[PDB]
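As a starting point, one isolated chain is supplied in structure tokens, in the form deposited in one PDB entry.
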């Protein structure tokens, strides 16, 4: 009937950082999945069932 929404956050990601210095890394992958970086996922769904927000670094071989 009477709604006031001010500065409301729903499904929000903010303030994600990564700092590296003098860093060395080696990756040798064969048929797999390697994730080293940053993933920032924000999701807001209405009337949506079975919703996946993030799916990172999997190796799926279902039947």
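Numbering follows the first chain given and starts at 1. Only the largest set of C-alpha atoms that superpose within 1.5 Å between the two forms is called the rigid core. Shifts are known only where both forms have a C-alpha.
There is another form of the same protein, the form deposited in another entry; it is not shown, and what comes next is about it.
Summarising the superposition on the core between this form and the one not shown, the listed residues 40, 20, 12, 53 contain exactly one with a Cα shift of 2 Å or larger, 53. Note on residue 8 and residue 49: their C-alpha atoms are more widely spaced in that other deposited form, a change of at least 3 Å from this conformation. In contrast to the form presented, in that other deposited form the C-alpha positions of residue 50 and residue 10 spread farther apart by 3 Å or more.
Core-superposed comparison between this form and the one not shown places the runs of three or more consecutive residues whose CA atoms all shift by 2 angstroms or more at 1 to 5, 46 to 53, listed in sequence order.
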